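A short write-up of the structure that comes next.
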Amino acid sequence: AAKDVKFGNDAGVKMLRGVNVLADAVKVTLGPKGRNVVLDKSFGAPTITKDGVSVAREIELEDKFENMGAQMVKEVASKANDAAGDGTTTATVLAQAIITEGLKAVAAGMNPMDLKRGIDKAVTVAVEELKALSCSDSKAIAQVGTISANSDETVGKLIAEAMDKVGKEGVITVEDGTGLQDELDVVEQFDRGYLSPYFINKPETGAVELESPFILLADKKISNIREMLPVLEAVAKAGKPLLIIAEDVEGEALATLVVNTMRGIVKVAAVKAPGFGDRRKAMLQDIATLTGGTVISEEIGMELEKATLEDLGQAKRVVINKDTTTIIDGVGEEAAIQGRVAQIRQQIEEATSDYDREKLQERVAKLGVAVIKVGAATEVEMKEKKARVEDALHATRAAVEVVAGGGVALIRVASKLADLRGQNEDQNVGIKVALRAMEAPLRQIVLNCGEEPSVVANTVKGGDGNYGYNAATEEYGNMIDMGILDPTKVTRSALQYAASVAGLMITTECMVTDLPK
Amino acid sequence: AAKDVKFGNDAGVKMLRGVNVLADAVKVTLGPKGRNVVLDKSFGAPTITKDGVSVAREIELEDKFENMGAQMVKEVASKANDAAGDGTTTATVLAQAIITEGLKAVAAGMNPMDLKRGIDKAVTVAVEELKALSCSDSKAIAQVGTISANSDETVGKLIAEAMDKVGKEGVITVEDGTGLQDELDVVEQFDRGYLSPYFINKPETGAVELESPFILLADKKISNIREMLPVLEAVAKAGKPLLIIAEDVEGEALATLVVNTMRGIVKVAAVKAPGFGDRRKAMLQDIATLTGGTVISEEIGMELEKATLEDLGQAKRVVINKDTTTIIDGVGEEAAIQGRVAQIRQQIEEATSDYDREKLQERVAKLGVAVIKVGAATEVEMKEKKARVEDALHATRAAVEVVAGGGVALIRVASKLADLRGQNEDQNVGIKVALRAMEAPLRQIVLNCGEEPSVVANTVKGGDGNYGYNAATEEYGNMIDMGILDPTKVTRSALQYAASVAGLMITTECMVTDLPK
Amino acid sequence: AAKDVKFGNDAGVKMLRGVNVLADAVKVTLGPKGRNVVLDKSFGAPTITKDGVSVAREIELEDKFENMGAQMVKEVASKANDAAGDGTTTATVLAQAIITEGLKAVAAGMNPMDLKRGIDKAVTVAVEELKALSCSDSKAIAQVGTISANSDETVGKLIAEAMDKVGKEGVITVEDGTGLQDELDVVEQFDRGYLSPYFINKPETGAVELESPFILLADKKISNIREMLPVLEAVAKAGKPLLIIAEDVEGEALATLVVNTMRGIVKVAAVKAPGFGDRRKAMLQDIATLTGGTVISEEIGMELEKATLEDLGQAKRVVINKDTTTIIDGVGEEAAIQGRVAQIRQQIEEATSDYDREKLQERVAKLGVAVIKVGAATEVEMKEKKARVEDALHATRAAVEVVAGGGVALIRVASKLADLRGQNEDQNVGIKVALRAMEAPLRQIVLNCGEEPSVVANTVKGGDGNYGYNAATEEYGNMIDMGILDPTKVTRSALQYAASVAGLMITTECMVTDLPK
């Protein structure tokens, strides 16, 4: 359709307004004194939140261009959430700060490209400086978990031990307990999410759950639909849920499965094979050995139509997040899986490239799941405990993949980079833009407290090291001694993502959108 | 004509906007880092100023009610200017601060009357506290003189020289120097201004100047016009200028003289007799002896019509300001004047009431005069140097019968009154309203510097005594050691006038104005 | 009437538009390739000009605020025209450049006061640097004379001839030639203009001309009107024109004379006495000796009314410009004047202060006169040649007590100040604002040629010294060798006036004007 095009400054103003609308709505929920935000529910009473992520999801503007700006900075929160699993609001306040001052410098005549270069330089030097000041050990892992579950020491300990058993990389799932106590057991996960939403049968978690499903392993991309019908019929009996782990399921057959899940029971859930090219099919073999199935390869491609339930692997349970699929308890234990492990473990011995050995080591490391059965007290208490552990786990994993909290770490880092220079004046301005934005988080936390940000900032900048401002007690002191910590992971992730999106927007010279007319 | 009436809140909002428009325009010119304000000239290039008084004079709003508010607070500046002769901008920032928070408290439900009482209480305790922090010895006279003269050591010394010669209670005048340099000599003025403007033949100074005029001294109030005609005719020859120092010139004969000055040469200038009742006519006799004239009393009232030029005293020159008339060089020197002095000097000996002696002492003091002849710098700068000396002289005499500058004095005073309470909560709120307004001056000075007012204020409040912030060098230190002083006179006057006008506005419940329709 | 008030940015935008409208209209006429501007005549064919001054006079905008901005920058042209007598367009392009970038920096957050300080610092260092790149010997006088006379060798020589005869400090006048050719002869003026316009009987020159007028010399300020009537009556016979050289003529008697000149013949013309205080009356005596009159002093003040025509001096002709009065051929030659000269010449011998001798030397210099009689070219071109000579003469005398043209001088000066810094970043920005504006003149000259300003500017900045761009031949080369010179006077005056007005506007925080409604 007819488009609307805006260049330079005209496009810059529309972007700035859009980011301000989103950022302002989000930033009010920062810190222990974060204010509430009312999100109008389609039906019933409105939602009350202090959670930034929840607020951002609702932000969409009428002005096509402003909305573009809001959707661009919304990428900061989502990316930081996907990486660190926390600190999205901090990322949003940092992004806005860099974009605000960045665009103002552009309007002043500064070179967009130079500005970006200066900002990027400040961020690289900042992250390394952040490392110097610095969630690896179980002490920290247990400390983050408890914090994520309202100081519940029980939950933090369960997570720490869970990660200590299967490694801070292994698959971990939370299940219901069987009469009090807290159980932990490894009962025999790849980076692939559902090819399309809607498969999400549990909207609250944004994940797909399948109980005792069959797993169709294919080495080709499904698109034909029709030749899949005979396999679907076979799965329609007993094991209702079906998990398709093919090379890829094209929009053709994929759209058919999506339309079939609606109304027609649980049906099927589709994801793509882990890895690519050569290692893709060898990786599929590992899944086949776990689940006890047969991979329908190129030559067996004709067989895709006459694939019996014997060729379909099976598992006790499977959970598919946005970008992670975990197969819990596969059917083909010991003998099969262990023999597979013996082969690959012998592959590393066949010394070739150091690369191969690393990749093969990842495979043997993958071939079980560690289930955490929660404290089964009464009935409702067990449901809450599971809700606590579930959220606390998710937050700890992101925290794993500490520095003084309250935004003092970034301020302390900015003080060190005061002499940082670039190749020119514009690059120097960009550097200072980044350093001024590193004060934004603390200033916003203080602003929400009802105190003057300029004063508190000045005082903390006057202090040294872990000297910061406790927004909870309205008192200054040693942040770490007061227990106000931030994983170095969430802090650097928030800064890096804020700077990348901000860098893109500052480098933008033209915007195109469908005309309202 | 038809009026427009607004009550309570409706009237309060209109007043607040009006005061904000005036105050905001004025306050930008506060301190050493005061910003410029462009005043559009009717013809030619616009005026550029950092002088608050000049800006305020131009302020007039379209909205009848808002204009009323602006004209009300404009009274603060004019009154403080008339009293201290400086600190009008400080007075305006104080007024706005009290009015802003005062009206907000009113809108919150507070009792206007109680609020005013609390504010007034805070101001009375503040001025006495200001006195504690703040003139007999020559050191004190010279010190306050330099401060009032904008840290000019020369001027401060001159005021000390004069008060050392004729005494601190003696007569002191200032005029241009004959042969450059800077002179001071002792050679052998009452509180009454022109009864009506227009007589002002010199618009630039806002004063009336008469050269070799005749002085008609009358002990009755002129209103008849007609019986004055014969005397005016006699003065129409040779000594064109005429000065009427009668008991009072009623609007009847006064309006006739005003209409006659226009087009009909310089004509006459009218003022009323110094003092009142009994001492009024005895005071007139003193003027008669100086000028060498005869006072037309009650009985001589008929003679008012046949008053010859012999009865009219004469002087070399006379200058009539808004509220001061000065007779320069009277004709009747030595013998006449000296004999008059001998009588009154002998009156004080006739011990009766201590009161009489004080009043009689004022008379003999008026009838030598220490003539300060300013430094003749290009004969153009003579006017600037002259103005600076008379302003400093006036301030020094008032002091005879300094605090830390940069608005730190008021802040230091506000710290002492932190425990000040009233008869109720509303009175306590009003007290705090006044104390918060005492920080306004410093915060505005800092705001104009480009620095954060909340931070600098916090730091100065953390210090002690003369510890303040030098806005010129952007450095903290001992204000007095840095030479940043403020006459206690300008400071207390600015606060008192700000509080009085603010008290009136906060007590206002109804506004009436001519309808625009 | 009701006013309209605008603050900060709102006032800044209105000012910028106004200055842009004026500057843009004016700058198109800059240089040898200046474009034409059509000025609509009230009656007849429109005016066609390449003269900037003529264009500026016509500029007046509808928007009250924008007009204020235009009238403010219009002050740059008028002031530079009054000082250097040329370079108004250059001044206007410099002003606009400083204001444009200055206001943009303000909008960016920069401190107005700091900016002004930086600009002022750049200008002071620039003018001294300009002096370095830039008059005792006849060669220097003639050289600067030709340059000021638009490279006219003839005029430059004449100024050298005159200063060789009566000295460089001597008196020099210019007038029409009697018998064509071009004459120069030595036969046996004060800084005071008409107290009020309207006296200007010759609108084309903006000056007052009186033929064989009487000269009333008074040592007091006239205001009485009435006592002047008898003297006016005496002058009403024979010598119709009258010139009043009193201490000052106050608006009272002045307004009466102005109303009398209208309809009532030529009447009288009033100006104030040269100098002030003591030397004022001694200076009046010198005029009295020339014209052959008697000065009515303080004591003779009564005589002001009975001042006979014998007391009134007389001259052959008198011309009163805006700020200069010249008495041509006084009646009291030789004996009287020469005796007066003998006294003052003997005063300098009485060694006291070096100051007195300088001032006394100025008096004897005023009381021979080198009469330059312009080349009589058709008696019509005589007026053009005459104007050109007096403008060049005025400029040469100022130089006694040239740089590369085409705007290259300022560019060369800006290159030197590349390392100039201030007390802070804002002051550094202001400095750079001034340096960027110094390229404006050349860029505008090139822009009018039809060539790319950025390219030519870059090339000249790449060159050295007098290397510039000849806009006439479209060729680069040594400006001075090509004969493209600019008096250092016009260049520094244009820069200083541009910076002062720009400094005021940048310091402006509020604008007030009569409401259109």
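Scheme for the structure tokens: letters A, B, ... for chains in order shown; per-chain residue numbers from 1; ligand numbers from 1 in order shown.
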
Quiz prompt | Filtered DSSP result for region 358-485 of chain B, state strand (DSSP E), as a PyMOL selection string | solution = chain B and resi 369-373+403-404+467-470+475-478+485

Go ahead and write the selection's residues with N, CA and C atoms as a CSV table (one decimal), in the first residue's frame.
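Okay, out00.csv is ready:
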```csv
chain,number,residue,atom,x,y,z
B,369,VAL,N,27.6,70.8,56.1
B,369,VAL,CA,27.3,69.7,55.1
B,369,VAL,C,28.6,69.2,54.5
B,370,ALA,N,28.8,67.9,54.6
B,370,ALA,CA,30.0,67.3,54.0
B,370,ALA,C,29.7,67.0,52.6
B,371,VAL,N,30.4,67.8,51.7
B,371,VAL,CA,30.2,67.7,50.3
B,371,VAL,C,31.2,66.7,49.6
B,372,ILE,N,30.6,65.5,49.2
B,372,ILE,CA,31.4,64.5,48.6
B,372,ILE,C,31.4,64.7,47.1
B,373,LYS,N,32.5,65.0,46.5
B,373,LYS,CA,32.6,65.2,45.0
B,373,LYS,C,33.3,64.0,44.4
B,403,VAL,N,26.1,40.5,55.7
B,403,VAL,CA,25.9,39.1,55.9
B,403,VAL,C,26.5,38.4,54.7
B,404,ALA,N,26.7,37.1,54.8
B,404,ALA,CA,27.2,36.3,53.7
B,404,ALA,C,26.3,36.4,52.4
B,467,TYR,N,30.1,29.5,55.2
B,467,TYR,CA,30.3,28.6,54.1
B,467,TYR,C,29.3,28.7,53.1
B,468,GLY,N,29.7,29.0,51.9
B,468,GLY,CA,28.7,29.2,50.8
B,468,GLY,C,29.3,28.7,49.4
B,469,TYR,N,28.6,29.1,48.4
B,469,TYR,CA,29.0,28.7,47.0
B,469,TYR,C,29.2,30.0,46.2
B,470,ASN,N,30.5,30.1,45.7
B,470,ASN,CA,30.8,31.2,44.8
B,470,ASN,C,30.4,30.9,43.4
B,475,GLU,N,33.1,27.6,42.8
B,475,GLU,CA,33.8,27.0,44.0
B,475,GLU,C,33.2,27.3,45.3
B,476,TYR,N,33.3,26.4,46.3
B,476,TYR,CA,32.7,26.6,47.6
B,476,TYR,C,33.8,27.2,48.5
B,477,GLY,N,33.4,27.9,49.6
B,477,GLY,CA,34.3,28.5,50.5
B,477,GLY,C,33.7,29.5,51.4
B,478,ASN,N,34.5,30.2,52.1
B,478,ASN,CA,34.0,31.2,53.1
B,478,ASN,C,33.6,32.5,52.3
B,485,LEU,N,29.6,39.7,49.8
B,485,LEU,CA,28.8,40.2,50.9
B,485,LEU,C,27.5,40.9,50.5
```

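For region 281-291 of chain A, the non-local neighbours within 8 Å, defined as residues at least 2 positions apart in the same chain or in other chains and counting only C-alpha atoms, are residues 215, 217, 219, 273, 274, 275, 276, 277, 278, 279, 293, 294, 295, 313, 314, 315, 330, 331, 332, 333, 336, 337, 340, 363 and 367 of chain A.
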
Check every residue of chain B for an atom within 7 Å of chain A, counting only C-alpha atoms, and provide those that qualify as a short mmCIF file (atom, residue, chain, number, x, y, z; two decimals) with N, CA, C and O atoms, in the first residue's frame.
```cif
data_model
loop_
_atom_site.label_atom_id
_atom_site.label_comp_id
_atom_site.auth_asym_id
_atom_site.auth_seq_id
_atom_site.Cartn_x
_atom_site.Cartn_y
_atom_site.Cartn_z
N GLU B 452 23.25 22.20 39.25
CA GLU B 452 22.06 21.66 39.91
C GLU B 452 21.86 22.31 41.27
O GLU B 452 22.66 22.10 42.19
N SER B 454 19.63 21.75 43.71
CA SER B 454 19.38 20.83 44.81
C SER B 454 20.67 20.32 45.45
O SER B 454 20.75 20.14 46.67
N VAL B 455 21.69 20.09 44.61
CA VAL B 455 22.98 19.59 45.06
C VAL B 455 23.77 20.66 45.82
O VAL B 455 24.26 20.42 46.92
#
```

Practice problem: Can you check the Cα RMSD once chain B has been least-squares fitted onto chain A over every paired atom, in order? | Solution: 2.0 Å

Practice problem: Based on DSSP run over this structure's backbone, return all residues of region 66-196 of chain C in helix (DSSP H, G or I), as a PyMOL selection string. | Solution: chain C and resi 66-83+88-107+112-133+138-148+153-165

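Comparing A:193, A:241, A:441, A:301 by their smallest distance to residue 31 (chain A), the closest is A:441 (using only C-alpha atoms).
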
Mind checking which residues fall within 7 Å of region 430-437 of chain C, counting only C-alpha atoms, ignoring those fewer than 2 positions away in the same chain, and posting them as a CSV table (one decimal) with C-alpha atoms, in the first residue's frame?
```
chain,number,residue,atom,x,y,z
C,94,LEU,CA,28.6,38.1,10.7
C,97,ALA,CA,26.1,33.7,11.7
C,98,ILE,CA,26.9,34.2,15.4
C,101,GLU,CA,24.8,29.1,15.9
C,102,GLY,CA,24.6,30.8,19.3
C,115,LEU,CA,28.6,31.4,25.3
C,116,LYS,CA,28.7,35.2,25.2
C,118,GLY,CA,33.6,32.8,24.7
C,119,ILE,CA,32.5,34.8,21.7
C,122,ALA,CA,37.4,35.3,20.5
C,414,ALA,CA,40.3,32.4,12.6
C,426,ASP,CA,30.3,26.3,26.9
C,427,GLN,CA,32.9,29.0,26.6
C,428,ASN,CA,34.8,26.9,24.1
C,439,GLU,CA,34.1,32.5,7.3
C,440,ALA,CA,30.6,33.8,6.6
```

Practice problem: Please identify all polymer residues within 10 Å of region 209-213 of chain B, counting only C-alpha atoms, omitting same-chain residues fewer than 3 positions from it, and present them as a PyMOL selection string. | Solution: (chain B and resi 199-202+205-206+216+235+238-243+266-269+312-321+325-331) or (chain C and resi 220-221)

Exercise. Identify which of the residues B:425, B:449, B:513, B:156 lies closest to residue 117 (chain B), counting only C-alpha atoms when measuring atom-to-atom distances.
Key: B:425
